[PDB]
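Right, one structure below, let's go through it.
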Amino acid sequence: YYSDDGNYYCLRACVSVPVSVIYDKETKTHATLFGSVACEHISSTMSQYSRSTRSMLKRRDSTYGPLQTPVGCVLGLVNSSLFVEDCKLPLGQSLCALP
Amino acid sequence: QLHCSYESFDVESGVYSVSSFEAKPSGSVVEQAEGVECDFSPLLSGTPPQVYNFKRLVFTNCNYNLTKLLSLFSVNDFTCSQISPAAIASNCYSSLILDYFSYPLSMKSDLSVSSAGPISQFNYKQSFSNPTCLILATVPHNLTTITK
Amino acid sequence: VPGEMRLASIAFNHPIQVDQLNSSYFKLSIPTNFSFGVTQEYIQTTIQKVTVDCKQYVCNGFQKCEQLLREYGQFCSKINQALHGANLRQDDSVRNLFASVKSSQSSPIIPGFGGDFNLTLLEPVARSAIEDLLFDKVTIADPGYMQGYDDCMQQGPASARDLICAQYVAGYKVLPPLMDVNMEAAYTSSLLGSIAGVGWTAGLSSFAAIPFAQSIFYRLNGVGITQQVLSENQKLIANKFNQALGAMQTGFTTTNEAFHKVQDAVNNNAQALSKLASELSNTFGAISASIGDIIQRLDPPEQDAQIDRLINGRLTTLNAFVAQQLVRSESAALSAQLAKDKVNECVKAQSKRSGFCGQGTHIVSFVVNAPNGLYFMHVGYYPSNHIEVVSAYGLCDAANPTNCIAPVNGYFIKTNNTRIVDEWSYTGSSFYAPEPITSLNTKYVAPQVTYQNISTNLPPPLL
Amino acid sequence: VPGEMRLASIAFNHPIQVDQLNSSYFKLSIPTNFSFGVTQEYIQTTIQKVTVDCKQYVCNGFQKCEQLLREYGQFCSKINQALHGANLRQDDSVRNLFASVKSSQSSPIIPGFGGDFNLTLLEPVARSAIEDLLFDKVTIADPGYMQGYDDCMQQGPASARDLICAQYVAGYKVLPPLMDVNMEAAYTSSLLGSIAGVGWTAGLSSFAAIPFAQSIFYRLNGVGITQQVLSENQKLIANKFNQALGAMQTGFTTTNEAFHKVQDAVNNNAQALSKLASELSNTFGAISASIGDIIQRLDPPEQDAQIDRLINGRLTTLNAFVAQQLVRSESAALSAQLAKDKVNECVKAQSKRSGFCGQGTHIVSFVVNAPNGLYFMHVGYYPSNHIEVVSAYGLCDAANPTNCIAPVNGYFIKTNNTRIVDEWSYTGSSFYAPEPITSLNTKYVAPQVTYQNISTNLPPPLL
């Protein structure tokens, strides 16, 4: 838009943060991925928001910071730096998610 | 949500897609034409008319601030009929009309739409079909373009 | 309480490196151990065959429907014709498959077939016990046909929850397979009777009629294992083979992908039927999903507005349904062709191609009946404990350069064995097995600069 | 300026005619020259993997939609589950493909690998430069993940136009590929090291670990070229081979059909995403395609009717979209199977099939990574300068009528060469080159009336 103050400004509308979760049925536990968003925009609680709670993540993640990955920022993933052939929960890339 | 989507209390393991964050709203930003401005500058110069010779300005489609307009005089009478004097300044209307004339404060007892005085009898009257007001005020020493 | 999930790198296994080497000799990698093992596959060949009554799916003969539907009656005719043609294709593929399954001749089969090998796949004379293990682990609803209609009806348990009873509500019909499970069992035993074997020329005329163990020995010479090793290890071979055979009892888990595929073939058939059933209760903006209900409650000028909303939606789901069936039927036909190809290659012959069959060279494979398809399993050879040895491209007489030889199905390696006085030794290509070089293991070749110049003794040629 | 278009007949290339002949001898057509050349193929193996938020595509969380969409919430589950299963199949095909790609052992890769052959496919130790030439030719929008969202977000140029960052507005998500491209490159590095052995039996477990040049000569003796010819022309052969390899630098053009297929695969994925995006503005007869517009323009009883109309059309496009993706994912799986077979035949070994690969017999082929698939290239052998020569079914003694012979991988020809005193000569099937007839080039056969009756001198048998 051209504003009537003589400056062009322009509009990107807004974007949403894609989300997915890891579900480990055998232990009945979970962890999450915020897509490509990066942990600069991630916080312990959400001001946006997609759902009324984040507390199921907080059951273990109240004590931990967000972690960056090659796909993007995640919660509760723990950097173990292990090398495993197939986690059955792969995140794509070289990323993996051990039970 | 996943349990509901699979209508089960035991969903198979794996990675699943869930709804995205809506992000969030902020303070609004609005642009629209400004400054149209309801005329009101003729009142500040020359000699005002005798009350029977009062001068009128009709205003439509325009922007105003009567409380700013009235800070140009000391007001010794601020009254109205069928509208509070405060409300007429803040209320929007299809039109705004102003009459002005010189008027001594000594005659203020005679200025009402209901007054028994000769001013209401022969000099100036206002309709009861519209909200109306009457103002008495005097000129500041810094309005040198006003004459008497 | 369980620990947090752990981030990890995906491992990448590295191949054993073997250095390339210049000059007239080179490093050679050879396994020193092996194990038998198995793989499995499921190839679907059919789609369950169904038909749909095109009157009943829309309404129950209520007469407002009966008259209104006449305007759309040609669509039902198209629906019925399309479904009919789809079912014909399913039966065509069955006959075509069986034409390759049959053999002009086969061995009789008795208990103790296959000699010392366990062969638990043999029938309990009956469908094989292995086929029954598959059928028991499958979660499929109890079958129609007999008693069929009276298993819907109150003359049976109150706990039945079969879609087969819903067949008589929805107007569905499930057609019986053409193949007949008893005739099918005869076909699978006929295939077992063609074993022993694949060798001895093409095998497309003559029938060898020999014991299974002998055909195995033939196959192992076919992959470069020396005959001498095979004779020394005959009991070892049977033990390793039966260890792999015993592992089949752990083959019915959700981690076995072939097993998982069998279960999803069943799930897909049941799912399609359930979709049509659920749509009978789906209002199409009609006041109710029941036709008799809207007839009872409405003045006839408005009554059929509601009826037509319902009719149009019922027809729409049928159109989508037919299209879904046609696509599945065509994919099944192609899948059936693949199964036929494996029967005419992976089963009827030993193969050197890799690719097809389990990945361990190839040795005999077997096939059994599975619902809507065939289930294959493959015996295979897995190398282990690889070592590097010195080897030469060939050997020649230093006294006469035109006398040059090279190994047949094997390699010439420097000897590391105390039994052999000769500096070089022949080995099998699939196993480490040094042996003296003899004329049986070599052939004359044109001379080449990289061949060794041997200044002493060769028995092949003597001079 | 250009002239008029020209109508023309399609040319018909006539095959070289070769005369059939009467009696015991015949003409033979054989090339006297050849050139290496290449062909290439592209096989798509994957579909881009995507998911979509089933509420965000439909609405922006406006409260009336939040209430109205609930009636259709079960459709969203059907949509998501179908997409989820489709993405699982994509991952399965990758894991299966890689299981066949890996080898138990391989050569290390070094600079200068392959000797006199140029081997420009070698890694810049990496992905090969040839793979990067392909990636530069590809017009695809830049990938997300990292930095991802911050390159979507307003901290970037105001001129970005990528559809990849528009996904975030629409709620689309592009899933990352199952495997990191460096691991994918590592898999193809192991394939380069899997060359040699190629033959040497089936090659299934042993690894010859010999120079690339030697494996080429082995393959050339696989088509009957004599070793004598090969030894004379070794530098020439590598030079012709390298020129054929050098043509790959011009191979990345729009007239190359394999290249064109890669470009189409890129825009098949783009087409799918753009289709859904265009529908976001598509009113369905609703007063506006925007929900917020109808909220501001309509009283809520009116507003909700327009919202339902808008929702219904939006759901329909999602349903159609899923069906199309299911079709595409299936074709990708089938194509992956085709690629697997070529890896297990045409890459891992020389093949006698004809058919697959370039039409010039077969010699070694290579594969590299490509977007959405594998890119193959095939070295092939092209005959030239064909001549016809006199030839015979066999030659054997009239003095020893029960003793006959026939040529091996070649044909007996009347000699036209001044160095051979013998009236007959032997040449290889793939290339004209006369040679003395020797026992290495013959085999004993039963006698036949069409064999020439030789009254003079043959060394095989001497007597």
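A note on labels: chains of the structure tokens are A, B, ... as shown, every chain counts residues from 1, and ligands are counted from 1 in their shown order.
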* Give the alpha helix (DSSP H) residues of stretch 164-298 of chain D, as DSSP finds them on the backbone, and put them as a PyMOL selection string. => chain D and resi 164-170+181-192+212-221+227-232+234-246+257-278+291-297
* Please return, as a count of residues only, all residues of chain C lying within 9 Å of chain D when only C-alpha atoms are considered. => 45
Residue list for chain D near chain A as a compact mmCIF listing (two decimals) with N, CA, C and O atoms, in the first residue's frame, 7 Å, only C-alpha atoms:
# COMPACT_ATOMS: atom_id res chain seq x y z
N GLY D 144 12.56 -24.77 2.44
CA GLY D 144 12.26 -24.26 3.78
C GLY D 144 13.19 -24.90 4.80
O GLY D 144 14.40 -25.00 4.58
N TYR D 145 12.62 -25.32 5.93
CA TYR D 145 13.34 -25.96 7.04
C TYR D 145 14.29 -24.94 7.65
O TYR D 145 13.82 -24.07 8.38
N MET D 146 15.60 -25.01 7.43
CA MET D 146 16.39 -23.89 7.94
C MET D 146 16.91 -23.05 6.75
O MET D 146 17.45 -23.62 5.79
N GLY D 148 14.00 -21.47 6.81
CA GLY D 148 12.58 -21.71 6.87
C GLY D 148 11.76 -20.50 7.03
O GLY D 148 11.78 -19.59 6.22
N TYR D 149 10.98 -20.55 8.10
CA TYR D 149 10.04 -19.53 8.51
C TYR D 149 10.61 -18.14 8.59
O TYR D 149 9.91 -17.18 8.27
N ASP D 150 11.88 -17.98 8.97
CA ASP D 150 12.41 -16.62 8.98
C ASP D 150 12.70 -16.07 7.58
O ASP D 150 12.87 -14.87 7.43
N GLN D 154 8.61 -11.39 7.33
CA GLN D 154 8.95 -10.06 6.83
C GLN D 154 10.44 -9.65 6.94
O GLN D 154 10.86 -8.75 6.22
N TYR D 168 2.74 -21.30 4.61
CA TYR D 168 2.51 -20.87 5.97
C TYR D 168 1.26 -20.03 6.15
O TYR D 168 0.71 -19.96 7.25
N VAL D 169 0.84 -19.34 5.08
CA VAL D 169 -0.35 -18.53 5.13
C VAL D 169 -1.56 -19.42 5.02
O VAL D 169 -2.51 -19.32 5.79
N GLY D 171 -1.63 -22.66 5.56
CA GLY D 171 -1.61 -23.80 6.47
C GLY D 171 -1.09 -25.10 5.81
O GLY D 171 -1.23 -26.18 6.39
N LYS D 173 1.74 -27.70 4.73
CA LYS D 173 3.10 -27.93 5.18
C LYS D 173 3.81 -28.85 4.24
O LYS D 173 3.30 -29.91 3.90
N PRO D 176 9.80 -32.52 5.01
CA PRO D 176 11.17 -32.78 4.61
C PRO D 176 11.26 -34.18 4.03
O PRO D 176 10.47 -35.05 4.42
N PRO D 177 12.20 -34.43 3.13
CA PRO D 177 12.49 -35.72 2.55
C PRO D 177 13.01 -36.62 3.63
O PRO D 177 13.67 -36.15 4.56
N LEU D 178 12.76 -37.91 3.50
CA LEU D 178 13.19 -38.90 4.48
C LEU D 178 14.67 -39.00 4.73
O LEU D 178 15.07 -39.39 5.82
N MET D 179 15.48 -38.71 3.73
CA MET D 179 16.91 -38.85 3.86
C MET D 179 17.64 -37.58 3.49
O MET D 179 17.29 -36.91 2.52
N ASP D 180 18.68 -37.27 4.27
CA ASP D 180 19.54 -36.13 3.99
C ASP D 180 20.27 -36.36 2.69
O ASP D 180 20.79 -37.45 2.46
* Residue neighbourhood stretch 103-110 of chain B, 10 Å, only C-alpha atoms, exclusion window fewer than 2 positions, as a list in words -> residues 48, 49, 50, 51, 76, 77, 100, 101, 112, 113, 114, 115, 116, 117, 118, 119, 120, 121, 135, 136, 137 and 138 of chain B
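Summary of the local environment: counting only C-alpha atoms, residues at most 6 Å from stretch 41-55 of chain C, other than itself and those fewer than 5 positions away along its chain, are residues 76, 87, 171, 172, 173, 174, 175, 258, 332, 335, 336, 372, 373, 374, 375 and 376 of chain C.
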Can you write out the residues you just picked, keeping C-alpha atoms, as a compact mmCIF listing (two decimals), in the first residue's frame?
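Output contents, as saved in result_19.txt:
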# COMPACT_ATOMS: atom_id res chain seq x y z
CA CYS C 76 -28.61 -47.95 -12.15
CA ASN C 87 -16.22 -58.90 -11.22
CA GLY C 171 -28.61 -54.77 -0.49
CA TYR C 172 -24.94 -55.80 -0.86
CA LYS C 173 -24.00 -59.13 -2.21
CA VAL C 174 -20.65 -60.73 -1.65
CA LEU C 175 -19.85 -63.12 -4.45
CA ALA C 258 4.46 -58.91 4.53
CA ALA C 332 -5.10 -55.93 -8.50
CA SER C 335 -0.39 -57.10 -8.97
CA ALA C 336 -1.63 -60.52 -10.04
CA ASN C 372 -6.94 -62.41 -1.64
CA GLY C 373 -3.44 -63.33 -2.84
CA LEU C 374 -0.29 -65.36 -2.64
CA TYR C 375 2.25 -65.39 0.10
CA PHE C 376 5.78 -66.10 -0.87
Counting only C-alpha atoms, which residues of chain A sit at most 10 Å from some atom of chain B, and what is each one's closest atom pair with its distance in Å to one decimal, listed by chain and rising residue number, as JSON lines?
{"residue": "A:3", "atom": "CA", "partner": "B:31", "partner_atom": "CA", "distance": 8.0}
{"residue": "A:4", "atom": "CA", "partner": "B:31", "partner_atom": "CA", "distance": 8.2}
{"residue": "A:14", "atom": "CA", "partner": "B:23", "partner_atom": "CA", "distance": 7.8}
{"residue": "A:15", "atom": "CA", "partner": "B:23", "partner_atom": "CA", "distance": 7.0}
{"residue": "A:16", "atom": "CA", "partner": "B:21", "partner_atom": "CA", "distance": 5.5}
{"residue": "A:17", "atom": "CA", "partner": "B:21", "partner_atom": "CA", "distance": 5.1}
{"residue": "A:18", "atom": "CA", "partner": "B:20", "partner_atom": "CA", "distance": 4.5}
{"residue": "A:19", "atom": "CA", "partner": "B:20", "partner_atom": "CA", "distance": 5.4}
{"residue": "A:20", "atom": "CA", "partner": "B:17", "partner_atom": "CA", "distance": 4.4}
{"residue": "A:21", "atom": "CA", "partner": "B:16", "partner_atom": "CA", "distance": 5.4}
{"residue": "A:22", "atom": "CA", "partner": "B:15", "partner_atom": "CA", "distance": 4.5}
{"residue": "A:23", "atom": "CA", "partner": "B:13", "partner_atom": "CA", "distance": 5.3}
{"residue": "A:24", "atom": "CA", "partner": "B:13", "partner_atom": "CA", "distance": 5.3}
{"residue": "A:25", "atom": "CA", "partner": "B:13", "partner_atom": "CA", "distance": 4.9}
{"residue": "A:26", "atom": "CA", "partner": "B:13", "partner_atom": "CA", "distance": 7.7}
{"residue": "A:27", "atom": "CA", "partner": "B:13", "partner_atom": "CA", "distance": 9.9}
{"residue": "A:28", "atom": "CA", "partner": "B:13", "partner_atom": "CA", "distance": 8.9}
{"residue": "A:29", "atom": "CA", "partner": "B:13", "partner_atom": "CA", "distance": 9.9}
{"residue": "A:30", "atom": "CA", "partner": "B:15", "partner_atom": "CA", "distance": 9.6}
{"residue": "A:31", "atom": "CA", "partner": "B:15", "partner_atom": "CA", "distance": 9.6}
{"residue": "A:32", "atom": "CA", "partner": "B:15", "partner_atom": "CA", "distance": 9.0}
{"residue": "A:33", "atom": "CA", "partner": "B:15", "partner_atom": "CA", "distance": 9.5}
{"residue": "A:34", "atom": "CA", "partner": "B:20", "partner_atom": "CA", "distance": 8.8}
{"residue": "A:35", "atom": "CA", "partner": "B:20", "partner_atom": "CA", "distance": 9.6}
{"residue": "A:46", "atom": "CA", "partner": "B:21", "partner_atom": "CA", "distance": 8.9}
{"residue": "A:47", "atom": "CA", "partner": "B:24", "partner_atom": "CA", "distance": 7.4}
{"residue": "A:48", "atom": "CA", "partner": "B:23", "partner_atom": "CA", "distance": 4.7}
{"residue": "A:49", "atom": "CA", "partner": "B:21", "partner_atom": "CA", "distance": 5.2}
{"residue": "A:50", "atom": "CA", "partner": "B:21", "partner_atom": "CA", "distance": 4.5}
{"residue": "A:51", "atom": "CA", "partner": "B:21", "partner_atom": "CA", "distance": 8.1}
{"residue": "A:88", "atom": "CA", "partner": "B:14", "partner_atom": "CA", "distance": 7.7}
{"residue": "A:89", "atom": "CA", "partner": "B:14", "partner_atom": "CA", "distance": 5.8}
{"residue": "A:90", "atom": "CA", "partner": "B:15", "partner_atom": "CA", "distance": 8.3}
{"residue": "A:91", "atom": "CA", "partner": "B:15", "partner_atom": "CA", "distance": 8.1}
{"residue": "A:97", "atom": "CA", "partner": "B:15", "partner_atom": "CA", "distance": 9.9}
* Asked: So which one's closest to residue B:88, B:122, B:9, B:54, B:64? Using only C-alpha atoms, please.
  ->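 For residue B:88, the nearest of the candidates is B:64.
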